[PDB]
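Just the one chain here, the form deposited in one PDB entry, laid out as structure tokens.
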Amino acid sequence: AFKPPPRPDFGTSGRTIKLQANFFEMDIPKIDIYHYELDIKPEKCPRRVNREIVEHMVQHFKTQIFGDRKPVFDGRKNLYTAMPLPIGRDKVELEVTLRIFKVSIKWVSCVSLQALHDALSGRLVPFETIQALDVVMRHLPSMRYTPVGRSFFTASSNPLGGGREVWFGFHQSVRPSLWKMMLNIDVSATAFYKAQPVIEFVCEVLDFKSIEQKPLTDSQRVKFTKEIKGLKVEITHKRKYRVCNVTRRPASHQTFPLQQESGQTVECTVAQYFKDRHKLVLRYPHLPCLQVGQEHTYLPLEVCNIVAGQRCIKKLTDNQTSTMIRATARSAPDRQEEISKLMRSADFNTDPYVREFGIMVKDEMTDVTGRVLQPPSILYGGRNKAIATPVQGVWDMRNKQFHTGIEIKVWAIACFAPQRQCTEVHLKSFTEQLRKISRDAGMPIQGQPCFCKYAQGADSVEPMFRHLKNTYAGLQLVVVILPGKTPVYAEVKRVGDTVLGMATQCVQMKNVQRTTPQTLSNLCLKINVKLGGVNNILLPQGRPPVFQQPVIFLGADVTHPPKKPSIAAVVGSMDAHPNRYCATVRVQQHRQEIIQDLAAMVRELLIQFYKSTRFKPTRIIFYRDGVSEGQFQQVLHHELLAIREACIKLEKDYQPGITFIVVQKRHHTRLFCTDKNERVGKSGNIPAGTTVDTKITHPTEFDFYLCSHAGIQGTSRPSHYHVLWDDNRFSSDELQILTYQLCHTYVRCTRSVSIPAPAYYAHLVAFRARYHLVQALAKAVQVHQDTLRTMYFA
């Protein structure tokens, strides 16, 4: 549990294809970079203020300290120069005025750019050197723009509603590769809060055309409170505050302790205070106040604006993200041009600071040779046992039937849509069309539903389900019908998955009224596996050597709340196909990325594997999603030990080979076809299966990019896979082929997906757990015994 293995070899499988990546080569001098520390006092100022301080400090002290040198600054403590200041070592104390800060500057170290060069060729990486470069490259944009993490944004106009807005910008990061340093540049866009009076913000949040009223009900108040809680407001009557809460009382009645001349404190209303103190009679005294700072300062809504440049963290409404998707989605050729325009306007080679440090960035995207891997054949069952060949990451189930399809003889219908809109004719039409398709799918639904009724309310689910379970023996499935978003789906699943242990397939009302063969076919895919059926398997002989001996495939992922706990989910294969997965899920610490109870979860799965296959896996392949590079050493430490602990806990001399692989979908590397002949679809993306493990990947470690999916919309994100550990000593080809084939085992669609099925299943499990969430939390997530032997999360 320590050091990632070196890259074993380079992949050679698949046909070559010319690509270009949004990585721009950096010509970097072999000099030393000089590193100074900065103690600014006070030391809690926002990074922007620190940058203003440093900026003025440099100019004000030109004659005696900085001269013609252009230093760069990281926003906090670290300042760099391309030439050593006349400091030598001894600390100096300074003053700066916007009002008055005390800055001390003290030489710490020499960042060797030569040490970086040799790390790039081999021997064998100074992180602080990479960081020094990053500080240099983003010094200028950090002042001209609004940095968010590693990106930069500005306002243009592009409303999303609810007080939210779209800001366009770009990601920027310096990355090591073999022989070279790379500048990663990609276009980006995120949600920002519109800068406007809080009054208007209230209208957009509560759907008012005009504010012109009467006190908010308890409902309107908590909606608005949730929206503005934690946001920054400024006063119209230049002061900034933090909104910590919205008062229950209106301004005319909300009071606070006010100390008079005698020293005695009395309660005074916010309305009365703003009248005496500011000659201001409140326009809307019936509206509540923003409680700011910390506990008794209150602000009326009409004297506050939402501070500009506030990024939106909270979950977007389904309509908000939609227009965001639409306004941000661009084809691969389109995105490539925007990056070119960005390089041209960023104009790095004329930036004063990178010129100062003698850095040169190339304005041509890096040429990369990729390899398009051959997809696995998909074996089906039924009469003819047809073999499907994915073309452009897609196949279908025409003239084909399930590997093992479940014959349905007993099933029920629970319509929670009103008979008014979902008529008896609809149900009968839906039922008839569903059965025809299912027949063809190799999952024959014989007999009309044993039961079919209507209902309303989440409170009606269990007694209705208690009913069905007790009276209909052999009951396999309850198809539930819902009208749009509604909290009964969560209730249907909670009762179905955790309490009674019954397979339930929810379906929208609209997909019942108007049925299509493709929709029904996709509905049958989920139904079959939820009854323990097997839709299809990888062509057995079209499999890598890893399947020679008992192996279990794990998919782990932790999802964080939109306070509320995080949810860790780990799934594991239960056969040799591999097809069926058992799920383990835990609630854990809010925003804790590491799976705390991993050892226990892995053990459970290992047992389940042994009871299903009567074999102990000789290898454990672990696909870990949702981990940033800055957390590798930490996650690799506890988690590799955790799964190794599970094996020891099982049996003393049980030591299966573990391959620890992190899967990353959240990065900003893009791959584009050099030949226009290689573009696929209207989106013009790279084909399903192109693999990159050269030039732009890690100089020493085992990592590769694999775009396993076909780009339908926008620009494809090629999934990144970084091997943190590998007892099994995989070759580059066999691993890359393995994860690619695993992307063809996702049962919800006849498509190759962007990440391997176990990783995708892990996501679904943790997210199903969210709906299960309506010490007792750990129980509202614990799932019935009979459902476990099914992929209920499918």
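Rigid core: the largest C-alpha set superposing within 1.5 Å between the two forms. Quick note: we count residues from 1 along the sequence shown, nothing fancier.
Another form, the form deposited in another entry, is not on view; read the next lines as being about it.
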| query | Taking the rigid core as reference, which of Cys452, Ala327, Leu539, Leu641 is displaced at the C-alpha by at least 2 Å between the shown form and the other one? | reply | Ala327
| message | Using a rigid core superposition, assess whether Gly689 undergoes a CA shift of 2 Å or more between the shown form and the other one. | response | no
| query | Superposing on the rigid core, do we see a C-alpha displacement of 2 Å or more at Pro285 between the shown form and the other one? | reply | yes
| message | Relative to the superposed rigid core, does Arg164 relocate between the shown form and the other one - that is, does its Cα move 2 Å or more? | response | yes
